[PDB]
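First up is the structure itself, then whatever we jot down about it.
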Amino acid sequence: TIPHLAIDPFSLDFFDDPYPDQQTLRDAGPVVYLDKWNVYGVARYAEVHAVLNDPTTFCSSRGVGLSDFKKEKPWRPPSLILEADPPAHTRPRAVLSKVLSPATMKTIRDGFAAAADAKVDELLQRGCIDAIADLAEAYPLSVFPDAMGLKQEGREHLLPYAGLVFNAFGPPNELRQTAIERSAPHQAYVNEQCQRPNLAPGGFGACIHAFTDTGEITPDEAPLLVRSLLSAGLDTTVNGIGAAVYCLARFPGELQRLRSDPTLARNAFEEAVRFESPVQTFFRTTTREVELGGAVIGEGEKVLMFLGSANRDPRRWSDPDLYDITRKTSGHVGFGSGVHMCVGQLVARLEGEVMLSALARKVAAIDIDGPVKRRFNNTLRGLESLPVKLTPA
Ligand code: HEM
Ligand SMILES: COc1cccc(C(=O)O)c1
Ligand SMILES: [Cl-]
Numbered sequence: 017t018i019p020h021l022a023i024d025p026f027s028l029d030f031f032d033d034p035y036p037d038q039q040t041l042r043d044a045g046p047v048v049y050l051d052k053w054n055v056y057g058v059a060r061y062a063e064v065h066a067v068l069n070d071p072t073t074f075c076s077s078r079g080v081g082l083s084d085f086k087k088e089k090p091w092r093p094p095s096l097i098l099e100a101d102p103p104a105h106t107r108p109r110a111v112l113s114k115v116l117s118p119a120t121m122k123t124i125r126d127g128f129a130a131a132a133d134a135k136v137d138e139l140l141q142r143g144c145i146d147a148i149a150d151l152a153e154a155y156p157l158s159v160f161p162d163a164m165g166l167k168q169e170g171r172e173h174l175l176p177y178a179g180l181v182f183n184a185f186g187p188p189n190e191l192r193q194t195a196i197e198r199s200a201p202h203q204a205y206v207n208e209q210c211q212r213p214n215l216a217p218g219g220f221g222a223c224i225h226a227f228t229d230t231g232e233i234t235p236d237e238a239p240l241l242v243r244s245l246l247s248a249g250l251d252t253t254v255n256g257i258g259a260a261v262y263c264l265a266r267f268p269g270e271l272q273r274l275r276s277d278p279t280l281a282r283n284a285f286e287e288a289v290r291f292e293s294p295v296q297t298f299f300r301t302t303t304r305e306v307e308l309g310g311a312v313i314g315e316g317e318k319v320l321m322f323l324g325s326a327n328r329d330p331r332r333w334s335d336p337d338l339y340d341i342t343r344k345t346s347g348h349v350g351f352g353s354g355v356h357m358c359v360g361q362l363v364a365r366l367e368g369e370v371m372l373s374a375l376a377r378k379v380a381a382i383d384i385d386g387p388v389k390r391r392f393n394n395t396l397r398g399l400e401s402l403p404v405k406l407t408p409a
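For the sequence shown, the deposited numbering begins at 17 and goes up steadily by one.
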């Protein structure tokens, strides 16, 4: 009944160009079985959306990577939000939602915007830059660690730690095992910065620790909630902003539309998240026998959701392989969907909006002028190097 495929969605060949294999996964059927890793896969929008929105049947507390926490020990203590189910998920999720709230965005927006404008001005003085290291990495590094309340020393651990975390959702391939082999110094730094005395007053981390007296979380839960933000809050935005710049560099007609109406910046970033899907995949684990797309899946089975493929499913999207900054993007699953939908999405969208606004107002052209190099990760899609020439407006 269920088609069996030999595609490895975590192989370097797949990462290098995933779109043909993603169509093969979609067109084989609503539910496939991946013989390489003994998991079920869903690559169409409908089934990915359905799985995300049934957390009772497709749970997260047995891990959202390949490893099943009921069978193997997690490589680090489980996240209290990403790797939890309702009801244990509910109150930690509420705290992070209030920490990363609209009111918090109003407090930091002017600073985030000023830093975006300053970075673009700085880059325009150089002309020829690397849009990854000098922009997609440099800008989030210039705002997010400060907004967290982190000290200056040791920030070089943040991107390596996040790369490790996202590699660790993958299967035990060389990417994952090499990441874990090098993990010790990055885990040590991150776990230490999660303690209340090491988080500056007014930042996200101090606000988490201040929310430990309402009956929603206890003081011993705050370090792991800070860890969630230090795991998921930086590398994601790096690849999201990098995706947006890569899109504008490849689709100059859309850069010209953005320049003519800078208020399109927020949707231009949202469309980049759909188009590239920086977070490509997550797993769930079935808690019972379930019918999905006419197929019967037993209890305790891993289900791999192809978020990037769902975001390019022609059953759901018109011209899915086109970057369109005025597309109605509502419903894309690049931030997930349902009870686990990205709790930091307001931060991600704020960073992306103000950076694309700075580009819209200050830059006339973005031309690739060097070899493009891809960065390989079991969960994240993005570039290692994006040489571009920026022409001032
Ligand atoms: C372009 C940027 C980002 C993308 C594409 C992204 C993607 C996602 C996705 C797909 C999920 C759902 C995970 C699941 O269903 O299992 C998620 C959840 C989450 N994200 Fe984001 N994210 C981004 C930025 C951020 C930022 C800036 C933060 C923090 C400041 C953050 C923190 C989190 C956390 C803690 C969760 C877990 C939420 C929960 O389980 O309830 N992310 N993200
Ligand atoms: C996609 O959201 C993420 C990603 C990685 C880690 C976490 C966390 O809670 O530690 C969350
Ligand atoms: Cl850790």
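Note that beta-carbon positions come from the ideal geometry of N, C-alpha and C, so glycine has one too.
Quiz item: In terms of alpha-carbon separation, which member of 140, 141, 242 lies closest to residue 165?
Solution: In the sequence shown, the residue the question calls residue 165 occupies position 149. Per the Cα distances, 242.
Practice problem: Check each candidate in 198, 228, 172 and name the one with the smallest Cα separation from residue 209. | Solution: For the purposes of this step, residue 209 is identified with residue 193 of the sequence shown, where counting begins at 1. By alpha-carbon distance to residue 209, the top candidate from 198, 228, 172 is 172.
Quiz item: Can you round the beta-carbon distance between residue 386 and residue 403 to whole angstroms, since I take them to be within the 8 angstroms contact cut?
Solution: Position 370 of the sequence shown, counted from the first residue, corresponds to residue 386. Position 387 of the sequence shown, counted from the first residue, corresponds to residue 403. Their Cβ separation, rounded to whole angstroms, is 3 angstroms, which keeps residue 386 and residue 403 in contact under 8 angstroms.
Exercise. Starting from residue 321, follow the beta strand (DSSP E) in both directions and report where the run begins and ends.
Key: Your numbering for residue 321 matches position 305 in the sequence shown. Segment 318-322, the beta strand (DSSP E) holding residue 321.
Quiz prompt | Presumed contact (8 angstroms Cβ cut-off) between residue 318 and residue 298, rounded CB distance | solution = Here residue 318 is taken as the residue at index 302 of the sequence shown, counted from 1. Here residue 298 is taken as the residue at index 282 of the sequence shown, counted from 1. Separation of the CB atoms of residue 318 and residue 298 is rounded to 11 angstroms, and the pair is thereby denied contact status at 8 angstroms.
Quiz item: Starting from residue 389 and walking both ways along the beta strand (DSSP E), at which residues does that stretch end?
Solution: Counting from 1 along the sequence shown, the entry for residue 389 is found at position 373. Its beta strand (DSSP E) spans residues 389-391.
Practice problem: Check residue 308 in the structure and name its three-state DSSP category. | Solution: Here the question's residue 308 lines up with position 292 in the sequence shown. Looking at residue 308 - three-state DSSP - the assignment turns out to be strand.
Quiz item: Are the beta-carbon atoms of residue 406 and residue 145 separated by less than 8 angstroms?
Solution: Stepping through the sequence shown from its first residue, residue 406 is reached at position 390. Stepping through the sequence shown from its first residue, residue 145 is reached at position 129. The answer is yes: Cβ separation under 8 angstroms.
Quiz item: Measuring CA to CA, which of 348, 332, 322 is closest to residue 395?
Solution: As a working note, residue 395 is residue 379 in the sequence shown. Nearest of 348, 332, 322 to residue 395, Cα basis: 322.
Quiz item: Any heavy atom of ligand 2 closer than 7 angstroms to the Cβ of residue 12?
Solution: Absent from the structure is residue 12, since the part of the chain shown begins at 17 and ends at 409.
Quiz item: Taking 7 angstroms as the cut-off, is the CB of residue 293 close to at least one heavy atom of ligand 2?
Solution: Walking along the sequence shown from the start, residue 293 turns up at place 277. No; taking the cut-off as 7 angstroms, the Cβ of residue 293 has no heavy atom of ligand 2 nearer than that.
Self-check item: Assumed close pair residue 268, residue 397 - CB separation to whole angstroms, cut-off 8 angstroms
Solution: Taking the first residue of the sequence shown as position 1, residue 268 is located at position 252. Taking the first residue of the sequence shown as position 1, residue 397 is located at position 381. The pair is not a contact, with the Cβ atoms about 22 angstroms apart (cut-off 8 angstroms).
Exercise. Note down the Cα distance separating residue 141 from residue 274, rounded to an integer number of angstroms.
Key: Residue mapping note: residue 141 aligns to position 125 of the sequence shown, counting from 1. Residue mapping note: residue 274 aligns to position 258 of the sequence shown, counting from 1. Going by the C-alpha atoms only, they are around 22 angstroms apart.
Exercise. Along the beta strand (DSSP E) that carries residue 400, what are the first and last residues, could you check?
Key: Translated into the one-based positions of the sequence shown, residue 400 becomes position 384. Note, residue 400: beta strand (DSSP E), 398-401.
Quiz item: Is it true that the CB of residue 325 sits closer than 8 angstroms to the CB of residue 68?
Solution: Walking along the sequence shown from the start, residue 68 turns up at place 52. Walking along the sequence shown from the start, residue 325 turns up at place 309. Contact: no.
Quiz item: Can you give, in chain order, each stretch of the beta strand (DSSP E) that sits fully within the region 19-92 and has at least 3 residues?
Solution: If we require 3 residues or more, the beta strand (DSSP E) runs fully inside the region 19-92 come out as 48-50, 55-58.
Self-check item: Neighbouring residues (CB closer than 5 angstroms to any heavy atom of ligand 3)
Solution: Those satisfying the condition are, in chain order, 92, 203.
Quiz prompt | residue 280 to residue 31 span [Cα, whole Å] | solution = Within the sequence shown, residue 280 is the residue found at index 264, counting from 1. Within the sequence shown, residue 31 is the residue found at index 15, counting from 1. Taking the straight line joining both Cα atoms gives about 30 angstroms.
Quiz item: Can you tell me whether residue 344 is buried or exposed, with buried defined as 16 or more other CB within 10 angstroms of its CB?
Solution: Looking up residue 344 in the sequence shown gives position 328. By the neighbour-count criterion, in which 16 or more other beta carbons inside 10 Å mark a residue as buried, residue 344 falls on the exposed side.
Quiz item: To which residues does DSSP link residue 405 through a beta bridge?
Solution: Indexing the sequence shown from 1 puts residue 405 at position 389. Per DSSP, the beta-bridge partners of residue 405 are 144, 383.
Quiz prompt | Closer than 7 angstroms: residue 181 CB and nearest ligand 2 heavy atom | solution = As a working mapping, residue 181 is identified with position 165 in the sequence shown. The nearest non-hydrogen atom of ligand 2 is less than 7 angstroms from the C-beta of residue 181.
Quiz item: Anyone know if the C-beta pair for residue 309 and residue 63 falls short of 8 angstroms?
Solution: Position 293 of the sequence shown holds residue 309. Position 47 of the sequence shown holds residue 63. Yes, Cβ-Cβ distance for residue 309 and residue 63 is below 8 angstroms.
Self-check item: Boundaries (first-last residue) of the alpha helix (DSSP H) holding residue 185
Solution: The count along the sequence shown starts at 1 and reaches residue 185 at position 169. Neither: residue 185 is in no alpha helix (DSSP H) and is coded neither H nor E.
Quiz prompt | Best match in 312, 276, 336, 303 for proximity to residue 291 [C-alpha to C-alpha] | solution = Here residue 291 corresponds to residue number 275 of the sequence shown, with the count starting at 1. Closest option to residue 291, Cα to Cα, is 336.
Quiz item: Going by beta carbon distance, what residues of the same chain come within less than 8 angstroms of residue 167, once the five residues before and after it are set aside?
Solution: Position 151 of the sequence shown holds residue 167. 209, 214, 216, listed in sequence order.
Practice problem: State buried or exposed for residue 270, treating a residue as buried only when at least 16 other CB atoms are found within 10 Å of its CB. | Solution: Along the sequence shown, read from residue 1 onward, the residue named residue 270 stands at position 254. Residue 270 comes out buried.
Quiz item: At which residue ranges does the region 315-365 contain complete beta strand (DSSP E) runs of 3 or more residues, listed in the order of the chain?
Solution: Those beta strand (DSSP E) runs which fall completely within the region 315-365 and span 3+ residues are 318-322.
Quiz item: Quick one: is the Cβ of residue 248 within less than 7 angstroms of any heavy atom of ligand 2?
Solution: As a first step, residue 248 must be located in the sequence shown, where it is residue number 232. Between ligand 2 and residue 248, a heavy atom-to-CB distance of less than 7 angstroms is present.
Quiz item: Counting pairs of Cβ atoms below 8 angstroms between the region 21-28 and the region 51-59, do you hit three or more?
Solution: Note that the region 21-28 touches the region 51-59; at least 3 beta-carbon pairs, one per stretch, sit closer than 8 angstroms.
Quiz item: Under 8 angstroms between the Cβ atoms of residue 95 and residue 199?
Solution: By 1-based counting over the sequence shown, the position of residue 95 is 79. By 1-based counting over the sequence shown, the position of residue 199 is 183. In this structure, residue 95 lies away from residue 199, with their beta-carbon atoms at least 8 angstroms apart.
Quiz item: residue 303 by DSSP, collapsed to three states: which one?
Solution: Here residue 303 corresponds to residue number 287 of the sequence shown, with the count starting at 1. Coil.
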